[PDB]
Amino acid sequence: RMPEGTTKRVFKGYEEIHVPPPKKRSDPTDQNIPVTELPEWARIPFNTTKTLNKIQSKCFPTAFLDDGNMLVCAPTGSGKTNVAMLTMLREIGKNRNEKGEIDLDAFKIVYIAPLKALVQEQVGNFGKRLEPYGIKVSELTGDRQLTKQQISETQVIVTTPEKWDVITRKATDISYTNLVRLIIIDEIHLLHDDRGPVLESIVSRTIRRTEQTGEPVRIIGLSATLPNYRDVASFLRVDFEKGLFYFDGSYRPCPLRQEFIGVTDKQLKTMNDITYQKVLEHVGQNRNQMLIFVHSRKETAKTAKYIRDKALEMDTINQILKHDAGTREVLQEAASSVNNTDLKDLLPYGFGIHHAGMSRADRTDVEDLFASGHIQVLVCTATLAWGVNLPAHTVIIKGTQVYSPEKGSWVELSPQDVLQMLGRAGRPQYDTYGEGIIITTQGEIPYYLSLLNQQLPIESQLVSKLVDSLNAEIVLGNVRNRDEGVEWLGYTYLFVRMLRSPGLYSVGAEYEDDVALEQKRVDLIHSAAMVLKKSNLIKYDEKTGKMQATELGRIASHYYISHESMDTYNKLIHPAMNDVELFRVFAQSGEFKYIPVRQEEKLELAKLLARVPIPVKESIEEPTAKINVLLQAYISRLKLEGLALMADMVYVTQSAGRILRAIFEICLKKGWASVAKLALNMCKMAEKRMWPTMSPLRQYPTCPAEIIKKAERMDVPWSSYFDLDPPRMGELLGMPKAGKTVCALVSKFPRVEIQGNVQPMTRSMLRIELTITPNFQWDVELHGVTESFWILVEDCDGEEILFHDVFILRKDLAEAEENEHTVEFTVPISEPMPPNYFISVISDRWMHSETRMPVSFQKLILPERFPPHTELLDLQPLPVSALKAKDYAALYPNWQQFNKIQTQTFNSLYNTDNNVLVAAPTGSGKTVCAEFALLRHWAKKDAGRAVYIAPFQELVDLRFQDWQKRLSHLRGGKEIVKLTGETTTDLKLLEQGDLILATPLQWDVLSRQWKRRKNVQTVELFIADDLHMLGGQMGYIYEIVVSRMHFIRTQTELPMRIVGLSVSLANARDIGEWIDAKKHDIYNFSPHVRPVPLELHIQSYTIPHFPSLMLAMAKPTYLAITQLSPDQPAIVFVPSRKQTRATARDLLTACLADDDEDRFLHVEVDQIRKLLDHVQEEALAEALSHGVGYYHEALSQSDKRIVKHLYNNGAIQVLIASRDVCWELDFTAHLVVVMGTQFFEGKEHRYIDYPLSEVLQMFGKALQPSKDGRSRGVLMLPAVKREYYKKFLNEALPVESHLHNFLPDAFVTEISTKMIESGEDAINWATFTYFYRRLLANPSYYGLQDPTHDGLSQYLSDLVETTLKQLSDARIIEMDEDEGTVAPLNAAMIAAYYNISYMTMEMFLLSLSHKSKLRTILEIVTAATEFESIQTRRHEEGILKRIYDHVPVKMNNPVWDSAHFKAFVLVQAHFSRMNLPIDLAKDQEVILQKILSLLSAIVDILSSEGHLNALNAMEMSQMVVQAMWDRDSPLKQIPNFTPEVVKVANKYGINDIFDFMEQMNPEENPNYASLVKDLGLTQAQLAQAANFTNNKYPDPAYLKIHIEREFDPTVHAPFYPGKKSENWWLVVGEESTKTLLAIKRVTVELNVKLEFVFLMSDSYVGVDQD
Ligand SMILES: Nc1ncnc2c1ncn2[C@@H]1O[C@H](COP(=O)(O)OP(=O)(O)OP(O)(O)=S)[C@@H](O)[C@H]1O
Ligand SMILES: Nc1ncnc2c1ncn2[C@@H]1O[C@H](COP(=O)(O)OP(=O)(O)OP(O)(O)=S)[C@@H](O)[C@H]1O
Ligand SMILES: Nc1ncnc2c1ncn2[C@@H]1O[C@H](COP(=O)(O)OP(=O)(O)OP(O)(O)=S)[C@@H](O)[C@H]1O
Ligand SMILES: [Mn+2]
Ligand SMILES: [Mn+2]
Ligand SMILES: [Mn+2]
């Protein structure tokens, strides 16, 4: 190895090696130098120069048109940044297209730079140059997840490699990580350094994901001229003949002269004297300014002082100090007056200093003076070379020994440092050439010679960090087995560098016949994984190769902790650990083992050990004790004099944050409250640089040290600083001047009040509702947009953690009017009850920010002990013959015998008429239990009416579909029916039908007037299926109707049997006695008696970002399907209907990653294409074409039918359903995945947990057995919920009543029917409720505190009186102080009629008490509470806003994330006939379903108040049925009548539809040949027009009446989902009087009179006469 230049010159002690600067050699004229005549865009960044150099010339074609990866290798200071700029502009042009700049959320781009200085400089440059495009450039920094999350909301992200690697390792930003499309890697020769492995990790994982998924991510790399560049090219997966570029020194815009000097291998003043001589030569004779590079903040000033002193003596300051008046005066004045940093008074001599320890203003002044020419010699550090654009003619790198504390020794400079330093040599437009000198030793000259002459190979250093990096890939789920590990390792720089030089990497030569070093990659991974197995970071099945990450491995990856350090932490941490032992554990980290104790620093160390508070039991002058006291002294803010000691301390403190956070999370996951809180406090000590015993004001940067000093000289407790004003603040602090200052600081200190509500669920688990209220003024400068907190729940002893979570407080929600947040969790409890628990809310970053709360159990009453389940008797299986009738036995031809649940319940269901309750797991046969009662009922020739009830319309619909087909041909007639919703139509079905299926609300509506309707009294059989769902939402009406049926059979002595079905109950005695069942008729079977046993796997996840968690669960579900149910169907439930499509895509991409795209397809696509063409949703058609398909509420009926056909016939194997249709889903699988147990609720701005009944219902679909005879489920939840959902999946389901929370809406219906005329009537009614029977069993769940009859009666009295008070303060009920009497007003009548909430009713009456206009009723209707039950999808703002700007009527105060605003906008969208996306259109459908009922209610309200504007509201009813405004012309009702056609007809003088049909031309006018041709409609469209125009369009003593007609009541309304009948309103009056007449809702030759103390159609526009 001896390549070099031309000349050597030996001297007394040094050896000058001079390499000539190469000529430009621009003889090849093929160099284009492209003129900036690009398109209008991509020209705005290039403003400072109108021409591109030769390198950007050669790179432009593939950088601006092609998309492939790219590698450029240019000399130092060449102009490579603009190549990356070209690629950025191409990616920009990809998104914004079609003469219009489009959204920036469609793409992101990352720029990876080696050091922070270059990161910030590039942030500035790219921000300035891309600001006209509107895009934001941001630096990824802060080390806090809440600021990095906000930073990742920008497109151009500049970052260091370690920061990007740790961001991707945490995997809590993948939703935006997937948006990146281009990655720029600057100075890739860092791969040779010890930091190269992080770049290898980044590039390998990115390229592997892009190659296995197809989603392209462009990679552009900028590097220097070093050998092995084609190696890093192939590692970057670049085409050599398309995107590889290598430019020699001849392409440098300003050629550099290299000069190497080395002192003889005494005296180190030789380097300083040589620098002084070279300063004399270049600044004196050549008159060139120059900069020198040293590697210390103090050594730079030392060398500058030495040069200036040696120039002072010997009268040599001349030739250096400019002598003109201007430069001298400017230097003198600027230095003496403006600058503040000491040792900077070298400026009057023309000298300048620069390093990171100076002010930003001082550095900018130095930069401006050097650029202006006033500074000739500038001594500086590497931060200048990395972060400023300040070039000089001459650059001297003085010294090559730099201290590395991580290695604890003096090492040589890194190649990237010297290359960046020499990049500043030679000005491009001032001088012809540049000069770069390196001053080193004699034994290190060949190293830098090879470095600068392209002879320093770039070798991989991944092995030293393999075990760690592999672990990361496992924690990400990208490496689950040996083969995936080898696939990952094949995308690293180590792999290609091993393929080229096997002997140099000691492969061992055993792998001679090893293709692609495959056997070398397993042997290299099996070892690494083995280590990970022994440190307990990974679970590694040696045989099957499968690997999985443990929580320790996840913590190690998230915090960049070595496996050795993790081993030490896990082995050393114990729950009783104090601060001393925690510091000792910190000091035993492997990241610091190479730091030795030195006698040179024996004194200071001792001086430091006496000033640090924490005792150091470790032996003095031991490396661990050294770094311990280093951390402590850093926290103590102590100045240090030792240089290497200062470097060691800087290193220790840079690592301290990660190490202490890892310690904290270790203590947290093991559930040790004391040491967890201590470790969190230590994290705060290190990150804020303060002990807990000092003033918390130290956390504020802008707080003057005088105030801190004063406060720490005081004894005032910190809590006494709060709840004051500036006067009292200054008075309390003894310093009036500061009164306003610190008052503004403590007011911004994160403060939170908390409240707790405890509800016992069982004797071993409580449910806690925690209300958190912000009590501090927000400030973005020191808070950001979100503040993180920890919720901890500790024992009475404070020893273990019973619950912990993160609470993220957003700025928008914190400073809101109603800013209260809620958190609902569960904690266990032992039967000897502890006196109390503790709840702490502790800031994650701020010290002394903690709100603590006792949770006392002295008043808590645990519910009654659960009794044993009814045992499953091992009886002889009952044959079907036991039915005693072939008629009934024909109904069950598939099975010879019933299962043991049906045989054990057979006698009491089929041979007796007693009330029965059967509780069994889902999928056990309970429908047969109901059919037993049905068959006995129909055996009796009386054959009374039976009523089946199910909680949801989907369940009654499936039940009807089955029973109307199976149970039709029977003894007499079938006539089984299902109700519709309106009383008059289903009452005829009740009179007509023998078996009436209904929902709780449908049966409620007609069972209210049971006294006047004998058909409700004569009901002999009543089956309440899914009775436990009374605890589900809208389940209180179920409880109401069951209690009312019992009351009915108790009033009328007629016999009435009740049969209840539910899942396995924890408390079945109360439900059984509720329906008056005998002890022997209450079958509450164990939750394990399901005929097909269920294997249940639970998987925990810790990902605070919801889209990231949802993406993270995708591949585990693929693995669960492929391994647990490979050849059997599978169903996967997701939290949202929009999540079904996303999860379908994620699963399909996981299939692509496994090199099997159609893995879940089992039929040729050509056989399925016939049906695939029929699907409406394109995403569903694609997923089905690859064999997945999904199912959600927004799917059309045909799409559901196609999905069901394809799934049942085995064509597709997987099915992804939303949790919103878990009851409707008429499907069955061998495996059921529950991917997530949370859904976002718009009201509370938070995620709610799945009801347990929902998880039971979803796992009840797992009924197809394997050869094992068992079904399989996997439940994927957050970790904090695991023990909850486990608890109530292996134990029965507890059911409580929420009727006490909906008593107003129940009393509305009760009092409206005079069923409750007084408060004692209300108490008597309540006695019939399950709530009442459950007050004695679990009183603390309902707020009751005295279990005696006195306390119970007092509780009921308080409850009914408060409910009647709520209904009386609202203008609904009539009740006063005289007696507890209540009377229903006209409001309660229509409230119970139209089935609207009482809150909606109150706000209706309040906003309508004054006669309002139509534009006001539009705002009032959409504010109803019924619409608040509609889901809000995240990030749908803007769409609603974009369509709200295209809308005539608007509200004064809009809330863009409210259901009110959504309904308000969507109703007007319906009116304007605007296209809507799928989910928004389904929401609009849901709106329109109820808006008509709400409008009729408002009509009745305004008629009750007697105001005229009632006649306005009914007009609204037309507008929604016909989807048009009141201003619009009638002609828009005709089909295919675009407003263009409306104006074409208006030109022909057509205003009404009557004028349209009268002006048709069979024989009327010759306008046909003109009008038809002007309308542009085809004969089919004209026929469809004639259809509507001819077939469906219409044509106090007393008051006379006279009516006539021109029919089918069916209304033609293509835009209204459902059916309507043509009603009419009749009322008249006077306009000036502002009073209305009585109005009667006329039906369809009907003469109706009117008592006087228009004909208003509800669905058409040709409405009224005058
Ligand atoms: N076409 C151009 N016309 C004028 N100046 C240019 C042009 N291209 C680049 N430069 C300037 O050349 C200097 C160096 O280019 P950069 O790409 O920013 O740095 P560099 O090439 O990466 O140097 P290093 O030390 O290797 S990082 C900058 O000051 C640019 O503004
Ligand atoms: N003895 C039996 N042998 C085999 N299959 C049966 C038997 N009894 C019922 N099944 C079937 O097994 C499935 C169980 O569904 P069901 O038990 O009727 O519903 P459920 O478990 O009571 O809960 P629901 O329907 O949500 S109220 C149905 O497909 C039945 O047809
Ligand atoms: N741990 C938490 N504590 C409190 N509120 C939370 C928490 N997680 C989520 N939220 C709330 O739920 C909302 C939705 O959060 P996520 O969808 O998980 O992520 P995100 O914060 O919205 O990030 P974006 O909006 O996608 S950039 C947040 O805006 C919060 O209001
Ligand atoms: Mn660069
Ligand atoms: Mn059932
Ligand atoms: Mn396809």
# chains A, B, ... in the order shown; residues from 1 in each chain; ligands from 1
>>> select_by_dssp(residues="segment 510-556 of chain A", states="helix (DSSP H, G or I)", output="ChimeraX atom specification")
/A:515-534,551-556
>>> residues_near_ligand(ligand="ligand 4", cutoff="7 Å", atoms="only C-alpha atoms and all ligand atoms", output="JSON, numbers by chain")
{"A": [80, 81, 186, 187]}
>>> residues_near_ligand(ligand="ligand 6", cutoff="8 Å", atoms="only C-alpha atoms and all ligand atoms", output="ChimeraX atom specification")
/A:1182-1183,1185-1186
>>> write_last_selection(atoms="C-alpha atoms", output="CSV table (one decimal), in the first residue's frame")
chain,number,residue,atom,x,y,z
A,1182,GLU,CA,-59.5,-6.5,-4.9
A,1183,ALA,CA,-59.3,-8.3,-1.6
A,1185,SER,CA,-59.7,-11.4,-6.0
A,1186,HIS,CA,-56.8,-12.3,-3.7
>>> closest_atom_pairs(of="chain A", to="ligand 2", cutoff="6 Å", atoms="only C-alpha atoms and all ligand atoms", output="Markdown table")
| residue | atom | partner | partner_atom_place_in_ligand_line | distance |
| --- | --- | --- | --- | --- |
| A:898 | CA | ligand 2 | 1 (N) | 4.0 |
| A:899 | CA | ligand 2 | 1 (N) | 4.4 |
| A:922 | CA | ligand 2 | 21 (O) | 4.0 |
| A:923 | CA | ligand 2 | 21 (O) | 3.2 |
| A:924 | CA | ligand 2 | 17 (O) | 4.2 |
| A:925 | CA | ligand 2 | 17 (O) | 3.0 |
| A:926 | CA | ligand 2 | 22 (O) | 3.6 |
| A:927 | CA | ligand 2 | 18 (O) | 4.0 |
| A:1025 | CA | ligand 2 | 27 (S) | 5.7 |
| A:1026 | CA | ligand 2 | 27 (S) | 5.4 |
>>> write_last_selection(atoms="C-alpha atoms", output="PDB file, in the first residue's frame")
ATOM      1  CA  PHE A 898     -79.329 -33.575  21.588  1.00  0.00           C
ATOM      2  CA  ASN A 899     -76.260 -32.290  23.393  1.00  0.00           C
ATOM      3  CA  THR A 922     -72.331 -18.949  22.734  1.00  0.00           C
ATOM      4  CA  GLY A 923     -72.738 -21.807  20.281  1.00  0.00           C
ATOM      5  CA  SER A 924     -74.204 -24.373  22.690  1.00  0.00           C
ATOM      6  CA  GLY A 925     -77.720 -24.925  21.308  1.00  0.00           C
ATOM      7  CA  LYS A 926     -79.936 -22.530  23.301  1.00  0.00           C
ATOM      8  CA  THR A 927     -82.125 -21.864  20.257  1.00  0.00           C
ATOM      9  CA  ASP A1025     -83.128 -14.319  24.068  1.00  0.00           C
ATOM     10  CA  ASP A1026     -79.686 -12.868  24.826  1.00  0.00           C
TER      11      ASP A1026
END
>>> residues_near_ligand(ligand="ligand 3", cutoff="6 Å", atoms="only C-alpha atoms and all ligand atoms", output="VMD selection string")
chain A and resid 806 to 809 1105 to 1106 1245 to 1246
>>> closest_atom_pairs(of="segment 1048-1086 of chain A", to="segment 871-878 of chain A", cutoff="10 Å", atoms="only C-alpha atoms", output="Markdown table")
| residue | atom | partner | partner_atom | distance |
| --- | --- | --- | --- | --- |
| A:1083 | CA | A:871 | CA | 9.0 |
| A:1084 | CA | A:871 | CA | 8.6 |
| A:1085 | CA | A:871 | CA | 6.6 |
| A:1086 | CA | A:871 | CA | 7.4 |
>>> residues_near_ligand(ligand="ligand 1", cutoff="6 Å", atoms="only C-alpha atoms and all ligand atoms", output="PyMOL selection string")
chain A and resi 49+51-53+76-82+389+420+423
>>> write_last_selection(atoms="C-alpha atoms", output="PDB file, in the first residue's frame")
ATOM      1  CA  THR A  49     -27.342  30.246  -9.426  1.00  0.00           C
ATOM      2  CA  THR A  51     -26.515  26.892 -13.922  1.00  0.00           C
ATOM      3  CA  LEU A  52     -25.813  23.390 -12.617  1.00  0.00           C
ATOM      4  CA  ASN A  53     -22.275  22.026 -12.454  1.00  0.00           C
ATOM      5  CA  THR A  76     -15.291  16.914  -0.780  1.00  0.00           C
ATOM      6  CA  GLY A  77     -17.057  20.235  -1.287  1.00  0.00           C
ATOM      7  CA  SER A  78     -18.457  19.185  -4.659  1.00  0.00           C
ATOM      8  CA  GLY A  79     -22.135  20.159  -4.675  1.00  0.00           C
ATOM      9  CA  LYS A  80     -23.843  16.827  -4.017  1.00  0.00           C
ATOM     10  CA  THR A  81     -26.713  18.397  -2.047  1.00  0.00           C
ATOM     11  CA  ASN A  82     -28.366  19.631  -5.251  1.00  0.00           C
ATOM     12  CA  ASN A 389     -21.164  27.253   4.741  1.00  0.00           C
ATOM     13  CA  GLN A 420     -15.814  17.528   5.730  1.00  0.00           C
ATOM     14  CA  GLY A 423     -14.453  20.461   1.962  1.00  0.00           C
TER      15      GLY A 423
END
>>> select_by_dssp(residues="segment 1341-1450 of chain A", states="strand (DSSP E or B)", output="list in words")
residues 1373, 1374, 1381, 1383 and 1384 of chain A
>>> write_last_selection(atoms="N, CA, C and O atoms", output="PDB file, in the first residue's frame")
ATOM      1  N   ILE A1373     -92.625  17.429  32.483  1.00  0.00           N
ATOM      2  CA  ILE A1373     -93.481  16.854  33.510  1.00  0.00           C
ATOM      3  C   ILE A1373     -93.993  17.969  34.416  1.00  0.00           C
ATOM      4  O   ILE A1373     -93.414  19.055  34.501  1.00  0.00           O
ATOM      5  N   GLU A1374     -95.111  17.688  35.087  1.00  0.00           N
ATOM      6  CA  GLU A1374     -95.749  18.622  36.011  1.00  0.00           C
ATOM      7  C   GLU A1374     -95.675  18.037  37.416  1.00  0.00           C
ATOM      8  O   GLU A1374     -96.374  17.068  37.728  1.00  0.00           O
ATOM      9  N   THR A1381     -96.865  14.190  43.041  1.00  0.00           N
ATOM     10  CA  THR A1381     -97.715  13.893  41.898  1.00  0.00           C
ATOM     11  C   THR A1381     -97.068  14.409  40.621  1.00  0.00           C
ATOM     12  O   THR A1381     -96.492  15.501  40.601  1.00  0.00           O
ATOM     13  N   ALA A1383     -97.638  14.745  36.212  1.00  0.00           N
ATOM     14  CA  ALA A1383     -98.603  14.761  35.128  1.00  0.00           C
ATOM     15  C   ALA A1383     -97.838  15.017  33.835  1.00  0.00           C
ATOM     16  O   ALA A1383     -96.973  15.911  33.794  1.00  0.00           O
ATOM     17  N   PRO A1384     -98.120  14.263  32.772  1.00  0.00           N
ATOM     18  CA  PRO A1384     -97.369  14.434  31.522  1.00  0.00           C
ATOM     19  C   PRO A1384     -97.931  15.583  30.694  1.00  0.00           C
ATOM     20  O   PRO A1384     -99.135  15.652  30.436  1.00  0.00           O
TER      21      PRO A1384
END
>>> residues_around(residues="residue 1313 of chain A", least_positions_apart="2", cutoff="12 Å", atoms="only C-alpha atoms", output="list in words")
residues 1004, 1005, 1006, 1007, 1008, 1009, 1010, 1011, 1012, 1306, 1307, 1308, 1309, 1310, 1311, 1315, 1316, 1317, 1382, 1383, 1384, 1385, 1388, 1389, 1390, 1391, 1392 and 1393 of chain A
>>> write_last_selection(atoms="C-alpha atoms", output="JSON list (two decimals), in the first residue's frame")
[["chain", "number", "residue", "atom", "x", "y", "z"],
["A", 1004, "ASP", "CA", -92.19, -1.58, 24.24],
["A", 1005, "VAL", "CA", -94.04, 0.77, 21.90],
["A", 1006, "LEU", "CA", -97.19, -1.39, 21.89],
["A", 1007, "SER", "CA", -96.94, -3.00, 25.35],
["A", 1008, "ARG", "CA", -97.45, 0.40, 27.00],
["A", 1009, "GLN", "CA", -101.21, 0.40, 26.34],
["A", 1010, "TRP", "CA", -101.58, -3.25, 27.33],
["A", 1011, "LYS", "CA", -104.75, -2.43, 29.29],
["A", 1012, "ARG", "CA", -106.69, -1.39, 26.17],
["A", 1306, "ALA", "CA", -88.09, 5.53, 31.07],
["A", 1307, "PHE", "CA", -90.35, 7.76, 33.15],
["A", 1308, "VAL", "CA", -91.25, 9.61, 29.94],
["A", 1309, "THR", "CA", -92.88, 6.49, 28.49],
["A", 1310, "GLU", "CA", -94.28, 5.39, 31.86],
["A", 1311, "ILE", "CA", -95.92, 8.67, 32.92],
["A", 1315, "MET", "CA", -98.63, 4.15, 34.44],
["A", 1316, "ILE", "CA", -96.72, 6.33, 36.93],
["A", 1317, "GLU", "CA", -98.91, 9.14, 38.29],
["A", 1382, "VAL", "CA", -96.60, 13.97, 38.26],
["A", 1383, "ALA", "CA", -98.60, 14.76, 35.13],
["A", 1384, "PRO", "CA", -97.37, 14.43, 31.52],
["A", 1385, "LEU", "CA", -97.44, 17.59, 29.41],
["A", 1388, "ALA", "CA", -93.96, 13.96, 26.96],
["A", 1389, "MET", "CA", -96.73, 12.74, 24.63],
["A", 1390, "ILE", "CA", -94.74, 13.22, 21.43],
["A", 1391, "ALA", "CA", -91.49, 12.39, 23.22],
["A", 1392, "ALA", "CA", -92.85, 8.90, 23.90],
["A", 1393, "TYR", "CA", -94.59, 8.78, 20.51]]
>>> residues_around(residues="residue 815 of chain A", least_positions_apart="3", cutoff="9 Å", atoms="only C-alpha atoms", output="list in words")
residues 774, 776, 777, 778, 810, 811, 812, 818 and 819 of chain A
>>> residues_near_ligand(ligand="ligand 5", cutoff="12 Å", atoms="only C-alpha atoms and all ligand atoms", output="PyMOL selection string")
chain A and resi 918-931+948-951+955-956+958-959+1023-1028+1060-1063+1223+1257+1260-1261
>>> atom_distance(atom1="atom CA of residue 897 of chain A", atom2="atom CA of residue 1091 of chain A")
13.4 Å
>>> closest_atom_pairs(of="segment 721-816 of chain A", to="segment 826-840 of chain A", cutoff="12 Å", atoms="only C-alpha atoms", output="tab-separated table")
residue	atom	partner	partner_atom	distance
A:752	CA	A:840	CA	10.5
A:753	CA	A:840	CA	10.6
A:754	CA	A:839	CA	9.0
A:755	CA	A:839	CA	9.7
A:756	CA	A:839	CA	8.8
A:757	CA	A:826	CA	11.4
A:758	CA	A:826	CA	9.4
A:759	CA	A:826	CA	9.4
A:760	CA	A:826	CA	9.3
A:761	CA	A:826	CA	9.1
A:762	CA	A:828	CA	9.4
A:763	CA	A:831	CA	6.8
A:764	CA	A:829	CA	4.9
A:765	CA	A:828	CA	4.3
A:766	CA	A:827	CA	5.4
A:767	CA	A:826	CA	4.4
A:768	CA	A:826	CA	5.8
A:769	CA	A:826	CA	8.7
A:770	CA	A:839	CA	9.2
A:771	CA	A:839	CA	11.7
A:772	CA	A:840	CA	11.1
A:789	CA	A:840	CA	9.8
A:790	CA	A:840	CA	7.7
A:791	CA	A:840	CA	5.8
A:792	CA	A:840	CA	5.1
A:793	CA	A:839	CA	4.6
A:794	CA	A:838	CA	5.1
A:795	CA	A:837	CA	5.2
A:796	CA	A:837	CA	5.1
A:797	CA	A:837	CA	8.5
A:798	CA	A:838	CA	7.7
A:799	CA	A:838	CA	10.9
A:800	CA	A:837	CA	10.8
A:801	CA	A:838	CA	9.8
A:802	CA	A:827	CA	6.1
A:803	CA	A:827	CA	6.6
A:804	CA	A:840	CA	9.5
A:805	CA	A:840	CA	10.8
A:806	CA	A:840	CA	11.6
A:807	CA	A:840	CA	11.6
>>> residues_around(residues="residue 1467 of chain A", least_positions_apart="6", cutoff="9 Å", atoms="only C-alpha atoms", output="list in words")
residues 1418, 1422, 1484, 1487, 1488, 1520 and 1523 of chain A
>>> write_last_selection(atoms="C-alpha atoms", output="short mmCIF file (atom, residue, chain, number, x, y, z; two decimals), in the first residue's frame")
data_model
loop_
_atom_site.label_atom_id
_atom_site.label_comp_id
_atom_site.auth_asym_id
_atom_site.auth_seq_id
_atom_site.Cartn_x
_atom_site.Cartn_y
_atom_site.Cartn_z
CA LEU A 1418 -82.18 23.17 10.30
CA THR A 1422 -79.25 18.21 13.66
CA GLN A 1484 -75.83 10.47 6.13
CA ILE A 1487 -79.06 10.68 9.80
CA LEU A 1488 -81.92 10.54 7.29
CA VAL A 1520 -85.42 15.62 3.07
CA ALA A 1523 -83.45 15.85 -1.41
#
>>> residues_around(residues="residue 972 of chain A", least_positions_apart="5", cutoff="12 Å", atoms="only C-alpha atoms", output="list in words")
residues 887, 938, 939, 940, 941, 942, 943, 944, 967 and 994 of chain A
>>> atom_distance(atom1="atom CA of residue 1335 of chain A", atom2="atom CA of residue 1053 of chain A")
28.2 Å
